[PDB]
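Ligands are counted one by one from 1 in listed order, and the atoms in each one are counted from 1 as well. Positions are given from 1 along the sequence. Quick note: numbers below take in every heavy atom, side chains included, and nothing from hydrogens, waters or symmetry partners.
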Amino acid sequence: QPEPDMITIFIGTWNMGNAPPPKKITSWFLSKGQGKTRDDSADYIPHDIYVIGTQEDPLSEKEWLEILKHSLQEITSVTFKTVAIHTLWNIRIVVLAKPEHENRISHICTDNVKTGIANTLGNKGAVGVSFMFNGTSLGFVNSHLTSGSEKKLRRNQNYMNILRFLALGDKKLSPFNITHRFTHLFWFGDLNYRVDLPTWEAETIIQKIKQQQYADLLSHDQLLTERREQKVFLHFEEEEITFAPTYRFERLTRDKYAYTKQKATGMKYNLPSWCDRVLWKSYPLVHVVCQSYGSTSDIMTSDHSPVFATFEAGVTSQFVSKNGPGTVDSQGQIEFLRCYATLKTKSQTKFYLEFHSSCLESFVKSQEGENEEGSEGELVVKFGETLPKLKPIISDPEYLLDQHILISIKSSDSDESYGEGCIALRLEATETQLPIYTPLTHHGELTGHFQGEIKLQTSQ
Ligand SMILES: CN1CCN(C(=O)c2ccc(F)c(F)c2)CC1
Ligand SMILES: CN1CCN(C(=O)c2ccc(F)c(F)c2)CC1
């Protein structure tokens, strides 16, 4: 029975509005409704992994698991296994997998982050799950961010707190946050970004939605504009939105957007918005393709519609050679040549690098670099040809070309990371000096760049 090199992943996000779901929610898991929808000819084909995020979820874990599992068994005639379930207040994540994957999944982690302080602490935050699928690390975050049209900056702050403090994946990757710990990271939820148009324009917006003319609305979507300005979700992807705003509906129909201010809303307007979103970030040159992104039309218990997204995702096998794991394979080597980091910092410490990768027996510390001043005010840290030669556990190019090297640049004075990035070993050539590049971030914000050349020796 061969190990897969691709899987498909279902991501759902639904703010349930504190109401029990209707009796049938199968359209959600089938990617049917509005937007980029799934072909009918696929309806019986199970996804490999289903990841369900809810917000304002009124059900117990047991109650929701029974609905989810029996929904999937009805669609697929497969009884899924529960990988993980984690709940913070009314924010929940469920991961379900086909039974054939049970012994391919390991290292399951769960965590949550509570956002805000005093007043603003007690209902918003995030839950997440990570695990290994054979050789591939997968991370999933369901966040419910701060509400309100005039709180985009708070949402951005919530995002940074979640990626800083959510403790998922390999704890040995100590310099790295969740935006670098996984081959594939999916981040979804009620992100609560709004369409920023004047309140007076509510009926105009509704008109546009009824005509399926979303372009003049999406140009004012706060998540797209904040992403464009590099204020949030740096280096993440989102499929094009081709479905109607998913909030705020009158319950029990989808014919009416309920946008006017009420005591129940704190006297706030809720103009129609794409609150409910799926984004992802995968390591460079790993296969990931969005095959659906849309909303259901027939699930109407909430003031939000459910959102679905599905992905093809590249995965790798748990590789064994006669040498590694358990030793190095001297027919393999990774040389980082003529490298330099460009940093936005004003500090004047010396810096060193750490190289982290599951192709190494443990992380590798470099010597300190040589600081120079850049022509436009910057710090340039030069490493020359000084960098340690990295010794992979397995030399086989079928393994090594699928790997990645995480890089942290750390202060000698504090040992704190000033920037993190990732280099793919999916090179155009071996035994050949080739350019490499990564942006560097810290707490998810751009702090610099790392560039130079690589020379990879494999057994072939
Ligand atoms: C509640 N727990 C029970 C223990 N548990 C597993 O045994 C498990 C391991 C791998 C899988 F893929 C899977 F679906 C399940 C995870 C959930
Ligand atoms: C297919 N990908 C390639 C990478 N990518 C961008 O470079 C990007 C361009 C414009 C943006 F507003 C933004 F937020 C990001 C996202 C799309």
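- Within the 4.0 Å heavy-atom criterion, neither part of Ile85 lies near ligand 1.
- Salt bridge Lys410/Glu416: absent, no basic N to carboxylate O contact under 4.0 Å.
- Between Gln222 and the choices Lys152, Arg155, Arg194, the side-chain hydrogen bond (donor to acceptor under 3.5 Å, both in side chains) rule is met once, by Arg155.
- Comparing heavy-atom distances from atom 5 (N) of ligand 2 across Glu237, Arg227, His235, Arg228 singles out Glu237 as nearest.
- Atom 16 (C) of ligand 1 has its closest protein heavy atom at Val83 O, 3.2 Å.
- Distance check on atom 13 (C) of ligand 1: some protein heavy atom falls below the 4.0 Å cut-off.
- When distances from atom 7 (O) of ligand 2 to the protein are checked, no heavy atom turns up under 4.0 Å.
- Ligand 1 places these atoms under 4.0 Å from at least one heavy atom of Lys81: 14 (F).
- By the 30° and 60° cut-offs, the orientation of the rings of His404 relative to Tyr283 is tilted.
- Sorted by first and then second residue, the ring-ring contact (aromatic ring centres under 6.0 Å, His included) pairs with a member in residues 87-107 read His101-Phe133; sequence neighbours excluded.
- Between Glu74 and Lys24 there is a salt bridge, since a side-chain N of the basic residue sits under 4.0 Å from a carboxylate O of the acidic one.
- Distances from atom 1 (C) of ligand 1 to the protein include no heavy-atom value under 4.0 Å.
- In terms of protein heavy-atom proximity, atom 11 (C) of ligand 1 is nearest to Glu102 O, 3.8 Å.
- For atom 9 (C) of ligand 1, the closest non-hydrogen atom of the protein is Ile108 CD1, 3.8 Å.
- Ring centers of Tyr293 and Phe308: at least 6.0 Å apart, outside the cut-off.
- Salt bridge absent: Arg181 and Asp170 never bring a charged side-chain N and a carboxylate O closer than 4.0 Å.
- The nearest protein atom to atom 3 (C) of ligand 1, hydrogens excluded, is given as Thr82 O, 4.9 Å; this is a heavy-atom distance.
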